[PDB]
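Undergrad: When you get a sec, could you give me coordinates for this:
(4 chains)
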Amino acid sequence: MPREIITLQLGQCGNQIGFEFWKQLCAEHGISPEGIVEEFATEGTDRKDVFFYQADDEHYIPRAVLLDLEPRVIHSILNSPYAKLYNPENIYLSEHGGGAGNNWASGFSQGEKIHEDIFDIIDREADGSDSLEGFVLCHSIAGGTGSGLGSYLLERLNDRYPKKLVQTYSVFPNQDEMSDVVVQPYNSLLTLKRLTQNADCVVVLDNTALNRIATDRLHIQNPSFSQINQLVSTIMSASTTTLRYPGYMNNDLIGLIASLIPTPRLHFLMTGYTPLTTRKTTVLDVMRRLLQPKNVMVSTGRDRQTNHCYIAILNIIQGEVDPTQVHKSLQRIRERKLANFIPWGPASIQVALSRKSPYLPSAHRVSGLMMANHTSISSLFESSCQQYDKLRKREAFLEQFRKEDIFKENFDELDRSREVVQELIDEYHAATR
Amino acid sequence: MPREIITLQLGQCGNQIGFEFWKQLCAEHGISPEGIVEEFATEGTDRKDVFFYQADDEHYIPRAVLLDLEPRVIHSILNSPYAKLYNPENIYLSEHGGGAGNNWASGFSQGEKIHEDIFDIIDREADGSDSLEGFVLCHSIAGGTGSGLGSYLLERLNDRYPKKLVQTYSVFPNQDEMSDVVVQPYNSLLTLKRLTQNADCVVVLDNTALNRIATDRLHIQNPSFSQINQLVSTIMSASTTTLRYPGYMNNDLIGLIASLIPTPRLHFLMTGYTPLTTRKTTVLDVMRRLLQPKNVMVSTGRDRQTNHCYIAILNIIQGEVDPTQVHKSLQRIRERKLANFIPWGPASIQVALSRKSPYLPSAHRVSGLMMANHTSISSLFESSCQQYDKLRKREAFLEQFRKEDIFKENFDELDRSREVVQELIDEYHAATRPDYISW
Amino acid sequence: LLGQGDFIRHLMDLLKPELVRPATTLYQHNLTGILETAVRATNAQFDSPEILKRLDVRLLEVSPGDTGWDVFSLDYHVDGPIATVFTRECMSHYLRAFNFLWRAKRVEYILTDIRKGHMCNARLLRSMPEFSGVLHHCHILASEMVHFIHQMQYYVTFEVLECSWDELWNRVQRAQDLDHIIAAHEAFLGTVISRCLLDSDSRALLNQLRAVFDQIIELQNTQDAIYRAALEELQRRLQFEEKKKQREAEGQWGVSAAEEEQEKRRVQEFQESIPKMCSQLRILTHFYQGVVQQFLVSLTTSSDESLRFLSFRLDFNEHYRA
Amino acid sequence: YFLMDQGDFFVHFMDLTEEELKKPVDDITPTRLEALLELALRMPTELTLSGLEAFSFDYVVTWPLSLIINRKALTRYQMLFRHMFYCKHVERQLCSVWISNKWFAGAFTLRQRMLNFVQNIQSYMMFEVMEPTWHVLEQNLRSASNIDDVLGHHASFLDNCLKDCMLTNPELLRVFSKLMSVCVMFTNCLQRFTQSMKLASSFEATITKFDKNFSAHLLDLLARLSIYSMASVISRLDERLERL
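TA: Residues are numbered from 1 along each chain as shown, chains lettered A, B, ... in the order given. Structure data below:
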């Protein structure tokens, strides 16, 4: 039977992202903003329930649970034409007032209080599912409230069901603009420690590249968070195409994920989108553009410490393309060596051709999104780690944790995390050797 | 002979829900609000001589009686244009004021006071019929008035006529909130003890899950008691649907209850209905959705470490279906293994095919109502027992039971009720295991 | 085809007082009046009077001098251009199937009555838990068999009725002309029950079917034995209380208790019969289990995958397989 | 189904079937097969091989449909479906055993290599053979009106797919079958050892042995492809990007 995933929108940024992705899913499935089936937009031969459940009157009530200590975000999301799509009992409401206020320690500690409540709600949601394939979580490591909450939740979930897939979509901090939170590098490091030690798969979502692309790549001066979220939701909609729309092979999320992660430590993945959205079309050129760090939504430089080579690349293709163009593009790129391989390169760019949804306005016969693992993302970690180290060597911004009891005895955990992340980076540098 | 069933509307909530049920029946049969036949009520196949008795003027007068300790609800029901449905002999006006204060002791004592003033009416309604299959008693265990009255009347009827089916519609109070009558759990416990002692088949009606479906499946921010009663009346009237189709099977309430009940103490049945709305479905979808813990009207506690076996599983399917669909749906559900049974006395998932009344406006192909003997309700009982225990630990609000000297003399009645409930819960626990033959 | 239910239910309700009498002692004169008054009682009175006049009760010799349950029958005479079909050969099969379903429904109602008796008695044995234990075992075995019979009979009912009526209706509706109407109708209606439901294998299984039916009568007899035992204990208690009368008999109650010091020997005698009752219940339970398993293996190996599926409905949760 | 346009069925088909495929036939429950089939819709002797199963599929045609598609075509479809079944079950065996968290056990590269190899084989074979062959058959039939010519078109398409796929070399001979057999033995032993540990020296020795067997079979199959089939799959292949 089909396997579904529970969506986890944490923090203000995570909740906004989740709402946008829910709207995108509603558009993709052609369902009513109340979630009822349409007589004009719901007749396709496909599976419209991969993250939902159909009601008797054909409401696809979503697998949506939103956790944010800021009740304003929850109230605003409720004030939507799509509030009739969600299950009201699938959303907890925070009654702590302002919440953690973007502090990792505060959110991490407060997640312990509703720990039983959140486990109860997730178990209640999972019980209804016949085959829950795993967990999916969207949040921001920058939002300290969400950062600590997600750390606590990942710990609790790994404690709860080791048997379910742990896939996460982490909104990385904007590096185009330094956050007003000074302990923000600390929060990010603590979250990345939790991801490394608990998260089965991590897809990098850098706000730096998002900001740069929105301000520049979408020919709009606005770095607005709303436009960033819209483009992110577009990316996520592209991500779930071969799952929502029945393909031929790798129609299982496990087969997709396991192909890119060779080690239970290297679970950091990068993404790209094509075509960029504000003459003739060829298969090769779309991914050649995807091979340029201009349409890539990850703000990672190309500094050289070790050889940075893509371990394995997968491309999802939206629209019809003859396999001959696919194969010729593959061969030409491999002659061009546009994707470096590990000294024992085990796989090339595997292609995934997916049927396009007729319920959306057809504007791209060729649209593709990039999936890869590439050690250069370790630089952004280093970019943060050096940020942490400078933050660490300041001997400052620990009074916030000292006010709480999460970090009022020893900050050694902050060091242990920095250690593990460092190990991760080194391992990335060791992969190509 | 067509056996009848007598309806007992008790308490404010029980009277409300009983009226909802009776209006639902009137709608199903297609009769006028006065109880006179229509051009689209008597030309069909539905047997209306089971809950309504035919008059000499085509008046299907309901086989129901209206009892209360406060006449205001009686007057409100009279104001309805369905007062013409009932006979005045079928209606008793409360001679008490303010009900019983929602006290089990007060309602029990007042029912003792009105022993024969109800016995005469019940005997008249009984001997007015050739043969009766049994009794149906709409009531709220939360309302202490109706709780005590129903306990008294169940005792009296079980003593006087040990030859009928005893069914009650026990409104289970919300566990979502604590009411101002903090002795409500003891009252319910007493009522539950009476049910254990007297009742034979309990369809549990928890207000918590009713609220939940109303908020979600009816999409209301604040459900009202009236809309809840409407929906519950609809769902409960769906039950007797097989009884209205005399074309497939004997389908007699005594036998249908007996097909699932193992012991007169283990006589508690869950509820679950589809569809719930404020589209297209096959048989396999019916039980497939029923297996989901989303359409149940009976909820349990927070227990996940204790296995619970569905003792008996039955489903009434109203709508046009095919025998192959049912034959394959059973085998498919069984092979998917979405259910369990007692290992020593393993059973199956009974199905009841039936077809819709033409006078029922149909907008759906199928409609499913589940009847499950299951162990989860013990948790709710535990939820009550704990609620009782702590209250009995607090020894609070016992002046309410000291108003009536019967409980002022001794609170050992509460203790015996608690003991009986504990025995029943241990019986359920043992039933979860193959050793139940020894117990 | 026993679609009415209430008609058939009340029919057998009225026949119980009669068919218990020996077949010789019966009178179709009163039987026809029973039939007509039941029809006037039931919904069949709301149906066409032509079909009503087509019905008729008969006394069909089945047993030499046995109970009238066997010899009772219905004929439903139809003659002339009205139902020229059936050649008085298909109606024979219809009558045989009527007898089969009549026995099945009778034993069903037997089971229902026994469970009703159990539920009635249980509220009277709650002061004597020693009989409660054996009543527990009695009820458990009774429910076992009652569920099994209910399931199997409902399964066969659904199968036969649905297949027969659906196919007949659709085929006659789709058949353009009378030659096909008559041929397909009669052939299918005959074939469904004649050979599909009847053969040497069918009678071999019917053997154990009737065996477990008589097991039903045996368990009813054991039930009535335990019921007279319950009445004995009830009268023991009643005389206890009547001679006591809370010391307003005084010397009477004193001597009554002095004697019941001896009469407690009677309670001990009932206690000793209790293991005898438990043993005689357990032996019947085991024999019923054995015959049930033999029937199951027989039919499972025999044929008709559908009935094997019915058996798996019966054997849900795997209590069979030796 | 025959050309595998619905794997959602396939997933639970696979969850259920190996509960019995490990057992001899006539010692199982055929009924369950169809019980799952109805579930699904809810969501010369060298010319026949000796590795054919007694039966693993069921479909029926009608009198007009029988006029076109013969039993032999159905048998060929069944054989190709059995090949795909083998590939897929090996694939998701590897997928299932893959799941782990957090050293000296090693062998991650071996499993990743074998997984990539089998994934590439499946994808390339299925695409290359069925997609264009099926589409061209469709076009030929749509362009044709001679029923005999229609039958010729279908026969040609079936024979071409026969000359392709697993029997692109009818004298390979099922060396990839030996590869997948040793692969499944490795997966089973790995699950054995994981279940045991949930010596390791013997575990690593077995890992080395299985790597040697896999490399040997891989080299043999690469040689067979390079000699003659078609190295387009070998084109995808370039474990090692390079040759010996």
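Undergrad: which SS class is the closest residue to chain D within the stretch 151-300 of chain C?
TA: At 11.9 Å from chain D, residue C:300 is the closest residue in the stretch 151-300 of chain C, using Cβ to the nearest Cβ. Where C-beta positions appear, they are placed from N, C-alpha and C, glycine not excepted. Following DSSP: H, G, I helix; E, B strand; the rest coil, the label given to residue C:300 is helix.
Undergrad: looking at it, it is touching residue C:306, isn't it?
TA: No. Counting by Cβ atoms under 8 Å, residue C:306 is not a contact partner of residue C:300; they are 12.0 Å apart.
Undergrad: When the two are compared, which one has more neighbours?
TA: residue C:300 (17 against 14; other Cβ atoms under 10 Å in any protein chain shown).
Undergrad: State the number of residues packed around the closest residue in space to the more buried one that isn't next to it in sequence.
TA: Spatial nearest neighbour of residue C:300, chain neighbours left out: residue C:308 (5.4 Å); criterion: Cβ to Cβ, 6 or more residues apart in numbering or on different chains. Close neighbours of residue C:308, defined as other Cβ under 10 Å, add up to 17.
Undergrad: Give me the contact list for the helix or strand containing residue C:308.
TA: Using DSSP states H and E, residue C:308 sits within helix C:305-314. For helix C:305-314, the external contacting residues (Cβ atoms under 8 Å, 6 or more residues apart in numbering or on different chains) are B:327, B:330-331, B:334, B:348, C:148, C:151-152, C:155-156, C:159, C:296, C:299-300, C:320, D:31.
Undergrad: residues of that helix that come out buried?
TA: C:307, C:308, C:309, C:310, C:311, C:312, C:313, C:314 (16 or more other Cβ atoms under 10 Å in any protein chain shown).
Undergrad: and the residue sitting nearest the centre point of chain C, which of the three is it?
TA: By Cα atoms, centre = their mean, chain C has its centre lying nearest to residue C:107, at 1.0 Å. Secondary structure assignment for residue C:107 (three-state DSSP): helix.
Undergrad: can you pull the contacts of residue A:319?
TA: For residue A:319, counting by Cβ under 8 Å, 6+ apart, the contacting residues are A:356, A:364, A:365, A:366, A:367.
Undergrad: typo on my end, it should be residue A:141
TA: Residue A:141 neighbours (Cβ under 8 Å, 6+ apart): A:147, A:150, A:170, A:171, A:172, A:173, A:187, A:188, A:191, A:192.
Undergrad: repeat for residue D:59
TA: D:1, D:2, D:74.
Undergrad: which one of those sits closest to chain A?
TA: Nearest to chain A out of these is residue D:1 (Cβ to the nearest Cβ; 12.8 Å).
Undergrad: Tell me if I am right that the closest one is in a strand.
TA: No. Under three-state DSSP, residue D:1 falls outside any strand and is assigned coil.
Undergrad: which parts of the stretch 51-200 of chain A sit against chain D?
TA: A:162, A:165, A:200 (Cβ under 8 Å from any Cβ of the partner chain).
Undergrad: which ones are touching the last one?
TA: Under the criterion of Cβ under 8 Å, 6+ apart, the contact partners of residue A:200 comprise A:134, A:165, A:166, A:167, A:257, A:261, A:264, A:267, D:101.
Undergrad: mind checking the backbone torsions on it?
TA: As for residue A:200, its main-chain torsions (degrees, to the nearest 10) stand at phi -70, psi -30.
Undergrad: The one 4 residues further on too?
TA: Main-chain dihedrals, residue A:204, degrees, to the nearest 10: phi -80, psi 130.
Undergrad: partner residues bridging it?
TA: Beta bridges link residue A:204 to residue A:170 when assigned by DSSP bridges.
Undergrad: Now for it: which residues touch it?
TA: Taking Cβ under 8 Å, 6+ apart, we find residue A:204 in contact with A:170, A:172, A:268, A:269, A:270, A:271, A:298, A:300, A:377, A:380.
Undergrad: related to what we said a few turns ago, and the contacts of residue A:319, which are buried?
TA: A:356, A:364, A:366, A:367.
Undergrad: farthest-separated two in those residues?
TA: A:356 and A:366 (10.3 Å; Cβ to Cβ).
Undergrad: which neighbours do these two share?
TA: Joint contacts of residue A:356 and residue A:366 (Cβ under 8 Å, 6+ apart) are A:318, A:319.
Undergrad: For residue A:409, grab the count of nearby residues.
TA: So residue A:409, with other Cβ under 10 Å, has 9 neighbours.
Undergrad: pretty sure residue D:13 contacts residue D:36?
TA: Yes. Judged on Cβ under 8 Å, residue D:13 makes contact with residue D:36 at a distance of 6.0 Å.
Undergrad: Name the residue in the two with the higher neighbour count.
TA: Higher neighbour count among residue D:13 and residue D:36: residue D:13, with 21 against 18, using other Cβ under 10 Å.
Undergrad: For the more buried one, give me phi and psi.
TA: Dihedral angles for residue D:13 - degrees, to the nearest 10 - are phi -50, psi -50.
Undergrad: so what's it up against?
TA: Taking Cβ under 8 Å, 6+ apart, one finds D:36, D:40 in contact with residue D:13.
Undergrad: Distance of it relative to residue B:328?
TA: Separation of residue D:13 from residue B:328 (Cβ to Cβ, to the nearest Å) stands at 17 Å.
Undergrad: and residue A:338, that one's in a helix?
TA: No. Residue A:338: not assigned to a helix; according to three-state DSSP it is coil.
Undergrad: So what does it have for phi and psi?
TA: According to degrees, to the nearest 10, residue A:338 has phi -70, psi -10.
Undergrad: Just the buried residues of the longest helix along chain D, please?
TA: In chain D, taking DSSP state H as the definition, the longest helix is helix D:108-143. Across helix D:108-143, burial judged by 16+ other Cβ under 10 Å covers D:110-130, D:133, D:137, D:140.
Undergrad: same question, stretch A:117-135
TA: A:118, A:121, A:122, A:124, A:125, A:126, A:128, A:129, A:132, A:133, A:134, A:135.
Undergrad: One more: stretch D:150-168?
TA: Applying a neighbour-count criterion of 16+ other Cβ under 10 Å, the buried positions in stretch D:150-168 are D:153, D:154, D:157, D:158, D:161, D:162, D:164, D:165, D:166, D:167, D:168.
Undergrad: Of all residues in chain D, which one is closest to chain C?
TA: For chain D, Cβ to the nearest Cβ, closest residue to chain C: residue D:31, 7.1 Å.
Undergrad: How about the contacts made by that residue?
TA: Here residue D:31 is in contact with B:331, C:305, C:309 (Cβ under 8 Å, 6+ apart).
Undergrad: Distance to residue D:49 added to those, as CSV?
TA: Converted to CSV, those look like this (distance: Cβ to Cβ, whole Å):
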residue, distance to residue D:49
B:331, 34
C:305, 31
C:309, 35
